[PDB]
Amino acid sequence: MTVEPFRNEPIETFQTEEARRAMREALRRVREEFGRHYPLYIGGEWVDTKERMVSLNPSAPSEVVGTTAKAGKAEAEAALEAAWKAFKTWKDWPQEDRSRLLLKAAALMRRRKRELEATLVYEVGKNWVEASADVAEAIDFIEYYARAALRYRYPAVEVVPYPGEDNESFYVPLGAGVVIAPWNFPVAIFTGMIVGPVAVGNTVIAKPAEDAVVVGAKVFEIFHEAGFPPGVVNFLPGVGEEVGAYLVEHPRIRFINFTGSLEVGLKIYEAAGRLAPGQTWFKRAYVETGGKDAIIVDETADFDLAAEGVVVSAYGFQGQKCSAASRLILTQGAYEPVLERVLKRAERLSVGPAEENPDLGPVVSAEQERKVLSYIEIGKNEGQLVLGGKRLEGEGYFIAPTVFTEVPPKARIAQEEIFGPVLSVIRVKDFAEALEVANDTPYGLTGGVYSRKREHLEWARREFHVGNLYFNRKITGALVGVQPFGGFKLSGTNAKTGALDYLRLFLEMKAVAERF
């Protein structure tokens, strides 16, 4: 099969009248559809349940965006049976055929992009450009993995010949697995974690995050329209520690693909290490588990450029990114000029209902609001509050952009992932100390350096121990294909999404010799 070389889906900025008109219409239609109910999707059909899940609008939580069915153990069993039955034949599809199926799904998603963006705006409180980036990344995962999968096609392995024999090594998919996805990129990461394994012949049971079940269902509408065979992809909205734990622990689950909190990731990795009664394989678990990401700025930097990138990195999607700048490490000569600029920019940020396209919408839920506000209280006793540190007025979960300064490197707010609009500023002597402080956390996901000094940049390239490092630009928004995404240390297992290597994780190799 021959398609155009991969390119990233452009991210809409809504600067033209045409784009604004399309987005206003999409928002209007999604809003007019509030209260819709979406069933489970199991074995190629929509399947309803007695119990349900409620999805609220975080900008106005009296408003129900939608409801879904609720999967328990019985539905999980049913999905597992469907997924294994499907695997038996799906694994035998030529790669070209599976890859074409992905490309169709990508085309369908692209045609529904404004609707999906609008759904993100209402369901998880993304502003317009954050929503567009999320949908664009989902499209990119499908386009990229469709093409990448062909690189593994029968028989792909380079082996050494032997006289009188054919030696043929090739990849095969693992089986049926479970995908457990986050609420913060519930189109992008949900899609990528599903279609990667599926592209190369696995089948998947997908468990969306509770806060993002409606948009998960719309992604499944796309899969269904694309025509994935029954059982190949299954949609099980439900409670993570219930249906999710049930599948993670199940002897017949082959692999687990997880993105979410470290707390949950640790439990999943531990459980995957155990042989459940009757289990006949060593489970694979891929866990991508957050960060405590720093931007370092030294006295050689463009301080205006640095301040802009820090503000985008810290406050984009309300800081609710595993990649968000939650630490700003300033050398002595950079401290005052950069902090002054960051404060000036940050105090001008707008906060309000996501539909209005503010700089920041609300945080995702009452529980998230509570956690973030709790960390702010902790912070008040660890560092100096210099901006924000309050919830704003309104029913929506609005939190002001917050900055603590003179934060000790070992402070809780300098070590633990807050996952909200809270930046901790740490003052250090020089670039060497900046690197020491940057590395001294349990995490290793993203990092940045603003500096004009070549030797500082190249030093950071070798020694700033994070999986995704950026110089003189924001540290969020890793592009599929361009920046393989994934971290070190307790940021997870280094499963690099949007990279050729990702698909290898969902394959095993067979070696077959015939002596003639």
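Whichever C-alpha set is largest while still superposing within 1.5 Å between the two forms counts as the rigid core. Note that residue numbering begins at 1 and tracks the sequence as displayed.
Greater average departure of CA atoms from the shown form, over structures and residues in 6 other deposited structures of this protein after a core fit, characterises 236-244 among 236-244 and 258-266. With 27-35 and 445-453 as candidates, the stretch whose CA atoms show the greater average offset from this form in 6 other deposited structures of this protein after a core fit is 27-35.
Higher mean CA B-factor, judged across 312-320 and 245-253 from the recorded values: 245-253. Taking the mean C-alpha B-factor of each stretch as recorded, 41-49 and 467-475 are not equal, and the higher mean is that of 41-49. You'll see in the entry that, of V232, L387, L116, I418, the Cα B factor peaks at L387.
Comparing the C-alpha B-factors of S451, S491, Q483, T68 in the entry, the top value falls on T68. The deposited CA B-factor of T405 belongs to the highest third of values across its chain. The deposited CA B-factor of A346 belongs to the highest third of values across its chain. Ranked within its chain, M1 lands in the highest third, by CA B factor from the PDB record. For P58, the recorded CA temperature factor ranks within the middle third of the chain's modelled residues. Sort the chain's modelled residues by C-alpha temperature factor and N184 lands in the lowest third, per the entry.
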